[PDB]
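Residue numbers (the authors' numbering), protein chains in the order written: chain H, 4 to 187; chain N, 1 to 151; chain L, 2 to 156; chain V, 1 to 87; chain b, 2 to 82; chain W, 2 to 130. Heads up, the beta-carbon is just placed ideally off N, CA and C, and yes, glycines get one too. Report on one structure; see the data block that follows.
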Amino acid sequence: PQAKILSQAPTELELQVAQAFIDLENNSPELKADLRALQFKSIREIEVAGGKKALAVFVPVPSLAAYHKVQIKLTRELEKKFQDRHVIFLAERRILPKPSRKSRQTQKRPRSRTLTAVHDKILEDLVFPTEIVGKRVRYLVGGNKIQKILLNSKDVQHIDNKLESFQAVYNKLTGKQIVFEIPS
Amino acid sequence: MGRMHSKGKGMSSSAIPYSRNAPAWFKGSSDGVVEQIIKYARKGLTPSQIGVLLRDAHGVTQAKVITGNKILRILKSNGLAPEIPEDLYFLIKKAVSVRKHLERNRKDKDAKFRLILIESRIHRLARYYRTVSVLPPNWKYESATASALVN
Amino acid sequence: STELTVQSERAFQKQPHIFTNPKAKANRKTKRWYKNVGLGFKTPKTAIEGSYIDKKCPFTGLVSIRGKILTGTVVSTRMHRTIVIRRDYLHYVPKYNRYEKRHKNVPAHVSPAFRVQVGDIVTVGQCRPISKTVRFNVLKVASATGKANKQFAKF
Amino acid sequence: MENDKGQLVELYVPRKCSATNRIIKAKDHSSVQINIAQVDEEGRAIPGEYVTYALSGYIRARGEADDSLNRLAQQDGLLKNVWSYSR
Amino acid sequence: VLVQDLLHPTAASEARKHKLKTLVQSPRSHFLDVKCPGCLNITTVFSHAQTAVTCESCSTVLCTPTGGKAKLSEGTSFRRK
Amino acid sequence: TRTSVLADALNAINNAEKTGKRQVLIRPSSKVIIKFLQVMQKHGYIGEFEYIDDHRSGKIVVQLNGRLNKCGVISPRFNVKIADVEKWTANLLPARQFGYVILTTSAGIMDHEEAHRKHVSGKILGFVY
RNA sequence: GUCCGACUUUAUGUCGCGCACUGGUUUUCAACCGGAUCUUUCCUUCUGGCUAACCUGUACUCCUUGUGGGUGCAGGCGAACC
Ligand SMILES: [Mg+2]
Ligand SMILES: [Zn+2]
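Given below as structure tokens:
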């Protein structure tokens, strides 16, 4: 049942993940009866330093909240199946271009479709189980931008090792180096 | 600290939290929030009353946080929006109350002064709403249609 | 506009030097001549299908457009077949390196093909003189309503 | 101070306040240059060796001078945990 | 003074200051899960409740209007959450 | 009411610099302050500074090194020609060996020398040196 | 490369500012403006042109075997231009 949960099936890696998903459908009582109707949008790979890798599943985002309901169970099962791989559940959002003055009008690009907002939602979804409590931006002596994220000290244990995963994956999405924070 | 009509410089207000999303401990459903909002509106309570009651009685912090949209917009989409925005209507109610007091007892002059202040505020707000076009462009507030809108 | 039966006053308004033959065995409406004014401006459909005469219509009459093109806002409509357009602009006074709000009022002549309300913004064109003060014809009402598009609100 | 051929034409490049990098004026009869004695292993003050500091008149006037020096006494490791960079 | 870390105020100093003047404008209030002495149900109340909050179960008004927090009704039990 | 947040930012900077402080809390923190401070910092009057999210208008806290002497804003952002640049440089900057008039350009926020080498000029914002 | 001076009636070498004019600049370099580009990132975009251009690939290689370069026309490269 791999075929109809990707909407198109190149990049055989997804198939294994889909097979993984199939192998986790079979846990019927708690991880099914809703888990079937969750289409994908071309899960991708990210190189991770230290020998690991990060696989980013791209939800079409009509019902992202369903993922964010199942997420802890599904992510832990996927981690168990794939050794030395860190799975993340990213929303994919359609970025729209700038309303450049010379380009013809395209009916009011909504702010939810804009670079800053989409990257913010990317960061929010990158670490789901723990919520972001604050945001900081720094610029070193040279003049390059770095961003710091005040995570909740409570509940952090749903990560406990995935900080480099988030760092590297978001770097490869945009390129801006990031460091995360743990408060007292 | 502005306080157009009094040199008072206070800053009494509320600082809503940083978390745009809902609190993690909330168990109510956003939809059920919507139906209770609409039913209280049917009872007639203004969206400020709606917000204060939902904050006092239930885990409703900000209906914008929970339902993803704001109370007046919920009412407008559901077709329960009042013809006159609540703040304006309260201004008319206060102005007509002061007018009745003034006509009742003539010599009170600070009453007249506060009435002038209130009429200034109400003209100002009506101008704003006409620019945003919530009100009809011919909507005018003087004395008698004022009393009719009091009803 | 000319407002309900252009054939109104003591003389006949025939579109000059155009003849519709009664002898014709078709009984067609009329030979309603027109022309494309140029400058990449589209003549409105009501200019072709319309029933007015308006010798001063740049689209159906005898007047011709050339020269300056202005973009203003309609401020006065009360006079017949003609419009008064406000033009607000800035004037650089150099002694203070500052700018000065100024406004002029240019009359113009609107063809019946155009509907104009107070507050509209209008692309107007210079023409052969029409009257003592009129030297322009309206060519394009850009904002027919603009913000008056919607008139109600029923979700 | 650098000419064309590359020579020093300014006369006595003056110091800056170690507490606020402000210069020390010629007749700034409020600044003070502290010399802190170096300490060897066994607790003898080595003569001729020292850490130098310069506090400008302005910082002394505001009364913050001691505070600033505490900072330095921490940053150069001449003194232990007196000052809190976060307060 | 003259050198701080405005990024990292002391938490004691942080709550020491007034809200609207902290690093992030945070609210002082909170939400209490209060149970009436009669009914064991749990009713949520905003700490500085304005209206006379009533349990929908029974007419057992739990918190009375006040300038600050609403005053409880001497029999209820509150839980911080 | 507050009118030009950049003026308030630079006024806080000058006040806290003159007193000899090292950090400044800029309250309103709009785009123009951020660009202004990156220009500043790449020139070196400022060290490693910081932005803060607030869900509303954010905030800035900026580290100093005492390197600065005075900043300031020309609040009515005057239209400057490519020629009139020398006029402002003479009337504001201490000496052309240094100093920087900061103006917004078709390229963006930019000090006067960058403007002259890019051969562009726009509206003037402030002056730092 | 050209060669300027101590060097003086005049030439070579030596030694001089470390080149008085012509030159590569992936020896790094540094700027200092650019331009095209890929990033869920359009530059009015079409409607035909004209195809300027080869993804064409067709008859096939003219060339040491090697796409260095050619006689060459149906889909189809459009800013190189109308
Ligand atoms: Mg502004
Ligand atoms: Zn009870």
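Residue i versus the options, residue with shortest Cα-Cα distance
i: H/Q108; options: H/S115, H/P100, H/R114; result: H/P100
i: N/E103; options: N/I84, N/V132, N/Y129, N/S143; result: N/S143
i: V/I36; options: V/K5, V/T20, V/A19, V/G48; result: V/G48
i: H/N164; options: H/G137, H/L18, H/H89, H/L34; result: H/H89
i: W/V129; options: W/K32, W/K43, W/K119; result: W/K43
i: V/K27; options: V/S68, V/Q74, V/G57, V/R71; result: V/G57
i: b/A53; options: b/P28, b/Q26, b/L73; result: b/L73
i: b/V2; options: V/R22, V/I59, V/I34; result: V/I59
i: N/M11; options: b/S30, b/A50, b/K20, b/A13; result: b/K20
i: W/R28; options: b/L24, b/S30, b/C64; result: b/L24
i: W/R57; options: N/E86, N/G51, N/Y18, N/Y40; result: N/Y18
i: W/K36; options: W/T105, W/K124, W/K119, W/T4; result: W/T105
i: N/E83; options: N/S13, N/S30, N/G44; result: N/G44
Classification of residue i by the beta-carbon crowding that lies within 10 angstroms, buried from 16 upward
i: N/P47; result: buried
i: W/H113; result: buried
i: L/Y53; result: buried
i: L/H104; result: exposed
i: H/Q42; result: exposed
i: V/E64; result: buried
i: L/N138; result: buried
i: V/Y12; result: exposed
i: V/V39; result: exposed
i: H/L38; result: buried
Separation of residue j from residue i, as counted between CA atoms
i: L/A149; j: H/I49; result: 52 Å
i: H/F24; j: H/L16; result: 12 Å
i: V/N81; j: b/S78; result: 46 Å
i: N/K94; j: N/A15; result: 28 Å
i: W/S107; j: W/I75; result: 19 Å
i: W/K71; j: W/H117; result: 23 Å
i: N/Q49; j: H/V121; result: 35 Å
i: H/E33; j: H/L77; result: 11 Å
i: N/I37; j: W/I61; result: 39 Å
i: W/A10; j: W/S30; result: 8 Å
i: L/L140; j: L/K32; result: 23 Å
i: L/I19; j: L/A109; result: 26 Å
i: W/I34; j: W/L7; result: 6 Å
i: V/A19; j: V/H29; result: 17 Å
i: H/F131; j: N/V34; result: 26 Å
i: b/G69; j: W/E115; result: 58 Å
i: H/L166; j: H/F183; result: 7 Å
i: W/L38; j: W/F79; result: 21 Å
i: N/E86; j: N/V96; result: 15 Å
i: b/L8; j: H/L27; result: 45 Å
i: N/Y40; j: H/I8; result: 43 Å
i: N/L125; j: H/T133; result: 44 Å
i: N/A57; j: H/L143; result: 49 Å
i: L/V111; j: L/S2; result: 8 Å
i: b/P10; j: H/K138; result: 16 Å
i: L/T21; j: L/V123; result: 34 Å
Original post:
Can you list the beta strand (DSSP E) stretches of 3 or more residues lying completely in the region 10 to 50 of chain b, in chain order?
Top reply: The region 10 to 50 of chain b contains these whole beta strand (DSSP E) runs: 32 to 36, 44 to 47.
Original post:
Which runs of the beta strand (DSSP E) fall wholly inside the region 33 to 77 of chain V and span at least 3 residues, in chain order?
Top reply: Runs found: 45 to 55.
Original post:
Residue ranges of each alpha helix (DSSP H) run of no fewer than 4 residues wholly in the region 27 to 58 of chain W, ordered along the chain?
Top reply: If we require 4 residues or more, the alpha helix (DSSP H) runs fully inside the region 27 to 58 of chain W come out as 32 to 44.
Subject >> Inter-stretch contact at 8 Å, needing at least 3 Cβ pairs: the region 94 to 104 of chain L / the region 121 to 137 of chain L >> reply: No, the region 94 to 104 of chain L does not touch the region 121 to 137 of chain L.
Original post:
Is it true that the region 40 to 56 of chain H meets the region 162 to 177 of chain H, where meeting means three or more beta-carbon pairs spaced less than 8 Å apart?
Top reply: The answer is yes - the region 162 to 177 of chain H touches the region 40 to 56 of chain H, with three or more Cβ pairs under 8 Å.
Original post:
How do the region 78 to 88 of chain L and the region 5 to 12 of chain V stand: do at least 3 beta-carbon pairs fall below 8 Å, yes or no?
Top reply: The region 78 to 88 of chain L is not in contact with the region 5 to 12 of chain V.
Original post:
What are the uninterrupted segments assigned as beta strand (DSSP E) that are 3 or more residues long and contained completely in the region 20 to 104 of chain L, given in chain order?
Top reply: Listed in chain order, the complete beta strand (DSSP E) runs (minimum 3 residues) inside the region 20 to 104 of chain L are 66 to 77, 83 to 94.
Original post:
Are the region 114 to 133 of chain L and the region 67 to 77 of chain L touching, with three or more C-beta to C-beta distances below 8 Å?
Top reply: Short answer: they touch.
Original post:
Should the region 49 to 58 of chain W be called in touch with the region 80 to 96 of chain W, which here means at least 3 C-beta pairs below 8 Å?
Top reply: These segments do not touch.
Subject >> Segment contact flag, the region 32 to 41 of chain b with the region 54 to 74 of chain b, C-beta cutoff 8 Å, min 3 pairs >> reply: Contact holds between the region 32 to 41 of chain b and the region 54 to 74 of chain b, because three or more Cβ pairs, one in each stretch, are under 8 Å apart.
**OP:** Tell me, please, whether the region 115 to 131 of chain N touches the region 20 to 27 of chain L by the rule of three or more beta-carbon pairs shorter than 8 Å.
**Re:** Because the criterion of three Cβ pairs below 8 Å is not met, the region 115 to 131 of chain N and the region 20 to 27 of chain L do not touch.
Original post:
Are the region 140 to 149 of chain H and the region 3 to 12 of chain N touching by the rule of at least three beta carbon pairs closer than 8 Å?
Top reply: Fewer than three beta-carbon pairs drawn from the region 140 to 149 of chain H and the region 3 to 12 of chain N are found closer than 8 Å, and the two stretches are therefore not classed as touching.
Subject >> 4 or more residues per run - each alpha helix (DSSP H) lying fully within the region 83 to 151 of chain N >> reply: Residue ranges of uninterrupted alpha helix (DSSP H) with 4 or more members, entirely inside the region 83 to 151 of chain N and ordered along the chain, are 86 to 104, 109 to 132, 144 to 150.
Original post:
Counting Cβ pairs, one atom from each stretch, are 3 or more of them under 8 Å apart for the region 91 to 98 of chain H and the region 61 to 81 of chain H?
Top reply: Yes: the two stretches touch, three or more of their Cβ pairs being nearer than 8 Å.
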